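FYI the Cβ positions are ideal-geometry reconstructions off the backbone, even for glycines, and counts take in every protein chain you see. The numbers here are math on the coordinates, done by the rules we state, and not lab data.
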Amino acid sequence: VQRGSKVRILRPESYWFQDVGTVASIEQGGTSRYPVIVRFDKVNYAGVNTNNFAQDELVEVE
Amino acid sequence: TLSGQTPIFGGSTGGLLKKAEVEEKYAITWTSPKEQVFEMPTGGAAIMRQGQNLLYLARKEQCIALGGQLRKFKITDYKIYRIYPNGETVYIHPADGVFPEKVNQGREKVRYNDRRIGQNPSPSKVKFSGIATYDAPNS
Amino acid sequence: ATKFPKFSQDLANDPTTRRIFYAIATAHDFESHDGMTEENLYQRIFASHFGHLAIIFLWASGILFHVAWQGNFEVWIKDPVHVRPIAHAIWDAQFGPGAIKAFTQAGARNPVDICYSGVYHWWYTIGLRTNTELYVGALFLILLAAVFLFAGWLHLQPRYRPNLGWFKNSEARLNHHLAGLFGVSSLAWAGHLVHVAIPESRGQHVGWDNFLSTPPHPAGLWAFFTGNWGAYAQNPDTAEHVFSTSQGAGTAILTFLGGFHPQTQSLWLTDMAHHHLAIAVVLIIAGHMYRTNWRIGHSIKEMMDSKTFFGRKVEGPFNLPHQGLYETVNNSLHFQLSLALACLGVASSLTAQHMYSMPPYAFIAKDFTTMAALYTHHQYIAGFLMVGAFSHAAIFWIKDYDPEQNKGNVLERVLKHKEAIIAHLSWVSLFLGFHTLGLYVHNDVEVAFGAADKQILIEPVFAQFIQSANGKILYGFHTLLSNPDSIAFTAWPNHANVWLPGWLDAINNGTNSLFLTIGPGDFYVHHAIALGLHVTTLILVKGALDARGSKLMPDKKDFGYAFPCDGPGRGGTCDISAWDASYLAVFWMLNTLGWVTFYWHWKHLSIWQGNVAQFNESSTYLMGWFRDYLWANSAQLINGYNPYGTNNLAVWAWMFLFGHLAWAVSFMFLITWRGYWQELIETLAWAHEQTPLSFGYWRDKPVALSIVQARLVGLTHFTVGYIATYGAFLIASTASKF
Amino acid sequence: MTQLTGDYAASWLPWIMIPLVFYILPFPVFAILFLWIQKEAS
Amino acid sequence: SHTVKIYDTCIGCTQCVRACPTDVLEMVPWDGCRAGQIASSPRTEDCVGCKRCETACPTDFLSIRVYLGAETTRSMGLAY
Amino acid sequence: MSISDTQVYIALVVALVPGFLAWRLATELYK
Amino acid sequence: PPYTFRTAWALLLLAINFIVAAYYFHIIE
Amino acid sequence: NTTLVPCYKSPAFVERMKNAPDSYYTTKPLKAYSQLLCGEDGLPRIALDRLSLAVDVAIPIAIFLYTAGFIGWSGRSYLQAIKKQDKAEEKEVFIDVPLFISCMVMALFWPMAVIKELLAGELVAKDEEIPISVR
Ligand code: CLA
Ligand code: CLA
Ligand code: CLA
Ligand code: CLA
Ligand SMILES: CC1=C(C/C=C(\C)CCC[C@H](C)CCC[C@H](C)CCCC(C)C)C(=O)c2ccccc2C1=O
Ligand code: SF4
Ligand code: SF4
Ligand code: SF4
């Protein structure tokens, strides 16, 4: 999961469940437990389109 | 304890009631380098003094709505007390001397769940049990 | 720190007036009380059904006691068409002389109430002839309500409380409720009809001192055991028999002529004694299906998990995974409650749809108001019982469902596509309102602009085919019991339609309500009824299926059933809960039954007044619904008290206006919301503390009542004002212009 | 007529039972029903 | 006496603490964020229930909840 | 022929039997 | 996959719809 | 078959043509209603027979449902056109009318264009690419 890649979401509690998003940044510290920040093209509910995610709940599409 | 001169306020109606004499009563205490006028949380406008100020409010949301007003007058030294009717003045805001926005050490992760919010257990897991589904000691 | 409520200690330390009200609407929710196990749960369900059956038996003993004491059941039974029944008497000590005189009706010597319940017609049919059989039936139901208050006290004593293994005995309860509760008690009612009600409809008086000697048949007690069963239907009541006399009677007790008695326009009492005998044989047979301890029968736990169909490998019943549904239904008391209200709001609609068309009671067809007030009663009961069948579906999903045990079965598959059921209930709703409202206000504009002939009038030719497939020869489809040369008419291999020549005399007589004449004004209201049943399903299915959560809030289960909201974040989440979708569908239940019972009433108020061409020409547009039904028939109602006098409709003219007040006061709780009133009670509580000579003081602080409470307080007044207004228009526009 | 009479048996009985259960007894009943609603636990 | 739980989807942006009108939340140190902080609620007896911390959380399906429970005299905002 | 004057008073004392037994049930259910 | 059980129950209900529509257009008697 | 007599020999419809005004609304549209089935009150009903009103009921189906799926297919093929241009947030407010007309004349033959996407499997989106809730 590198920066700029398109990825799909497997978090069932989220707004963008099974939505394609562009990865914005991945943290290299290794102790933050939600490193990958993926940016989506639709806002959730009066607000953000970026959200921190884990790597086990993300399936890339290309 | 607490001390200070009250601001020039000509009396109001949204002030203390019989709850403040019988149950609890709050007191904010700041100091001002100016003879400026501020808006009361009990409706109106009052002139704060130049020494130690002292204002008795009825509930804690009135003090921090006032405390959020003094922070726009560049006064960030206010102490909020809670005065039980037997005279016991506890000191509640800011508790450690440091404002709760910026982090200090020695403070505890209190009321913290070590799971995602979406993986709380179902309410049929906790059926006829004392705990709620957001207490849930598994993860 | 008060004692009340004793069931929940998080509410007893409430310092406000929310403690009183939230202890009323939580007192029967036994599953959320503090310190309750599952075994103690069921033993308070069980012992409060006993205290509820005693309310039913004390209510039915107040019907009987008040027409034995204050009614005219001895007077009414001699001319049951030209005299009105008496409910009870009036003692309102503030009447004037114009209301003593106006309410002294039906040959009374005191002010009285005309009974619009129809219990006089019920007791005339089942064989009650004097005011003493009503009195000793009222004293028996008092004592029968005492053995159910005693049984409820018995089954809370620790030597008599059943255990959880007895309450979860689902197969042994289904055996005795079919064979004993439904089979024996329908066998016993055919025992009353054969022994008492049929001979008392033929003149002879059969009582408790009489029934053991005179047999109900001259071939009695012997033609059953040999096999000469045709003896019981030999000579029936002929077509000149008049009710409760011997002149024209027969001796058959179990015969199946079908159709109506020619004098009472009711079903034959021999036809109903035969009916509950055939119900009882079929139900006692059906009670021997599941296994108790005698090793034969069906195990419902095996029928769920059976995956073998004569060597094949199907997934279950109907190739569908039903595994794990036995312990889903049996542990959930809300799955069992929602299935029992759905099956009781169908039997309450089926009561209403049949008792007007096939009247079972003597001369109840010729009592136009008790016939009208009993349709509207059982359709509003059936709309409430169906909103509650989906209210407990939503409580089942939240409180009593787990996805791990119901893994892969038929209950997970519904949630797997629940946005395709709500997307299709919202298409049928959107279809049936764009073309039912749009087809009225096309017909409204055409009649308004002169050209009534340019109306779009769809003849409902699919439900005109149903009547022509049952015997109505008016239209002329000429098929399948309208064609007497057919296979269904003759039943060619046996020719045993002994019910058929009596039925076709009933469906083709134009004086009964059996399969009324259906025209284009009836096409249109059935699509309002279909629009009504689809939107109020849409609100209730979306309330049940989104009770776990959706994208606006994915933790609805953690917040309970009835919570206000989740704040103004994420746009705002007013009415988001599954309680607040079992709530918007009470406005649609009451609306739809204000379209059902507005169309039952106007179709029947045009038949009873003879003006059948009034409904058939002016129900196709919405002005005639407003001019010819609402504005026209309320003429005799609002004149219940003019400045010049006062008649017997002066209480229905008052309840009609009491119900506009209760409807309008509901809007205060529905339009104005809670923080308008909390800043106003904060002001009236200032003026109480700062005034002299006011020595009271609130024990618990006055707050504006909560968010999900005023939705209920404002739905109670909406409902009561819906029922006090229509239950005073339907009563007073029928009991004045008959 | 100008008066509330009763042709039924024991016609004196609504004369006392209607004032009893409607404006004489309920204010005692609303007192007893208020003394356990606002009763304190210790 | 409400219940303000805090889940590990936090990012330490301190926005719920600045939005609380009653000082229920405060920032404690942590290891799972770049700010090294997480909110905690030690003064949950002062929770007025108003869910203004919930409108300020920028994590999707937010990392802080207020579970409205047994309301008391300081959890209902009564000055009388 | 309505009921007698005594039959009303007979009904009032018979209905004290489910009036007292309704009190035994309402308090054993522990209000 | 070829739906074998979803069909022959949908076209079995469509078959019962076509016997009723055979009597409706007075085709069969 | 039913009692819906035609309006030619219906004895209650000829009075609607007997005393009537003229202008444009009750003369030529009233003699065109004469071949319509009408009941016992002289109002032209809409019945469903086998063959006498087979195509007489199928013209309001086929004329409407073509230009029901002509509005819908030009609105679907416009929203799919502006999402491959990666500017769909701003092209939905400011309608690009050279493309919306180009996606309108592609929807004039939409019944032979929908079934080219049904057998190609491109009409529906597959269930693992559609946003849902916690279910
Ligand atoms: C033959 C034995 C028998 C009988 C007569 C009963 C009778 C009763 N039981 Mg019991 N039960 C039994 C055995 C029996 N039970 C056994 C062995 C168990 C152990 C598992 C139980 C466990 C049990 C529990 C836990 C409860 C009961 C309850 C009840 C009462 C139901 C309340 C009611 O009004 O019903 C209905 C009355 C009617 C007159 C039915 C008419 C209305 C129905 C809906 C319409 C019938 C029409 C028919 C269905 C239409 C379709 C017919 C079809 C052929 C087309 C009732 C009096 C409840 C109770 O306690 O109440 C006090 C309850 O809580 N029972
Ligand atoms: C508009 C719809 C409608 C209509 C026409 C009726 C008609 C009828 N109902 Mg009613 N009822 C309805 C809706 C309706 N109901 C609904 C939705 C409920 C559920 C709450 C009830 C519950 C109900 C009960 C409990 C009873 C009736 C009874 C009756 C019958 C006699 C009353 C009468 O003469 O007419 C008058 C006009 C009316 C609008 C009737 C109002 C009766 C109200 C609704 C009673 C409600 C009880 C109340 C909630 C508790 C009060 C307790 C305390 C304050 C005293 C009558 C046929 C009585 C009966 O069964 O006859 C023997 C009876 O015991 N109904
Ligand atoms: C067999 C029938 C049946 C049974 C046993 C239940 C049982 C239950 N229901 Mg329920 N329900 C039913 C039918 C039934 N329901 C129907 C028919 C509907 C549609 C209206 C509903 C809709 C419903 C909802 C929305 C809820 C329940 C809830 C509950 C649970 C608690 C009840 C409660 O709150 O305390 C006691 C209830 C009261 C003391 C009644 C409050 C006041 C009501 C509205 C009566 C008002 C009438 C009015 C005063 C009369 C007018 C007087 C005069 C002027 C005319 C309980 C297990 C609640 C729950 O499960 O919480 C998690 C819940 O939220 N039900
Ligand atoms: C539950 C059925 C029921 C109902 C709805 C009524 C209704 C009425 N009765 Mg009553 N009554 C009943 C049963 C009932 N009765 C029985 C079984 C008896 C025999 C003891 C009586 C004996 C009686 C007399 C002597 C009188 C009335 C009278 C009245 C009228 C005014 C109320 C009153 O002042 O008297 C008070 C009521 C009583 C003294 C007895 C009623 C208590 C019964 C036994 C049970 C009702 C409690 C009920 C189950 C509570 C549950 C509801 C609750 C959950 C909200 C009123 C119409 C008066 C009248 O005739 O008006 C003109 C009159 O004076 N009744
Ligand atoms: C009027 C009103 C109030 C104030 C309501 C009050 C103060 C009700 C109390 C009035 C008296 C005390 C009760 C009226 C008496 C009734 C005839 C019987 C009630 C007694 C119960 C035990 C049934 C709200 O708190 C509110 C909250 C949210 C939305 C709308 C509203 C709203 O409309
Ligand atoms: S307080 Fe009222 S308006 Fe505000 S979110 Fe809650 S329910 Fe909605
Ligand atoms: S709850 Fe909100 S403010 Fe607090 S740490 Fe999480 S994201 Fe930051
Ligand atoms: S409910 Fe209000 S006081 Fe409590 S944490 Fe949230 S914003 Fe702060």
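May I ask which of C:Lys168/C:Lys301; B:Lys125/C:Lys301; B:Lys125/E:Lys51; A:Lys42/H:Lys87 have a Cα-Cα span longer than 18 Å here? Mind dumping the intermediate values first?
Working: C:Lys168/C:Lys301 12 Å; B:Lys125/C:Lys301 22 Å; B:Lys125/E:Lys51 27 Å; A:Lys42/H:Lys87 13 Å.
From the list (C:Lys168/C:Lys301; B:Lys125/C:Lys301; B:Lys125/E:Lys51; A:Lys42/H:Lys87), the Cα-Cα distance tops 18 Å for B:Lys125/C:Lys301; B:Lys125/E:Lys51.
Helix D:26-35: angle to the longest alpha-carbon principal axis of chain D, degrees 0 to 90, nearest 10? With rounding to tens, the tilt is 10 degrees. When the trypsin sites (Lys or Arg not before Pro) in segment C:208-306 are filtered for DSSP coil states and for at most 10 other beta-carbon atoms within 10 Å of their beta-carbon, the remaining sites are C:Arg295.
Amide hydrogen proximity for H:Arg45: with H placed 1.01 Å from N in the peptide plane, the residues at 5 or more positions away or on another chain lying under 5 Å are H:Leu37, H:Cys38, H:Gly39.
Per residue of peptide C:558-569, the mean number of Cβ atoms on other chains within 10 Å of the residue Cβ is 5.
Report, as a whole number in µm² per second, the diffusion coefficient that Stokes-Einstein gives for the protein assembly as shown at 20 °C and 1.002 mPa s using the Kirkwood radius over alpha carbon pairs. After rounding, the answer is 58 µm²/s. Can you list residues whose amide H is under 5 Å from A:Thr50's amide H, if they're 5+ apart or on another chain and H is modeled 1.01 Å from N? Distant-sequence amide H within range of A:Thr50: A:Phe40. Computed over segment C:426-497, relative contact order equals 13 percent, with contacts defined as Cα pairs under 8 Å that lie 6+ residues apart.
Compactness of chain D was expressed as the Cα radius of gyration divided by 2.2 N^0.38 Å, which yields 1.88. If you build a Gaussian network model of chain E, linking Cα atoms that sit under 10 Å apart, which residue out of E:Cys33, E:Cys20, E:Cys57 swings the most? For chain E, modelled as a Gaussian network with Cα springs under 10 Å, the answer is E:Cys33. Here segment C:460-480 and segment C:1-68 have alpha carbon centers that stand 53 Å from each other.
A simple charge model with +1 on the Cβ of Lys and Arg, -1 on the Cβ of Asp and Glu and nothing else charged puts the dipole of chain H at about 500 debye relative to its Cα centre. Our summary gives chain A a relative contact order of 36 percent, counting only alpha carbon pairs under 8 angstrom and 6 or more residues apart. Between the C-alpha center of chain A and that of segment C:356-402 there is a gap of 52 Å. Shielding value for E:53-60 is 6, the average number of Cβ atoms from other chains within 10 Å of each residue's Cβ.
Kindly express, to the nearest 10 degrees and within the range 0 to 90, the angle between helix H:71-84's C-alpha long axis and the longest C-alpha principal axis of chain H. Once rounded, the angle reads 10 degrees. Once the Cα atoms are used to define both axes, helix B:60-70 deviates from the longest principal axis of chain B by about 60 degrees. Dividing the mean sequence gap of close Cα pairs (under 8 Å, 6+ apart) by how many residues chain C holds gives a relative contact order of 12 percent. Averaging Cα coordinates gives a centre for segment B:39-75 and one for chain D; these two points are 56 Å apart.
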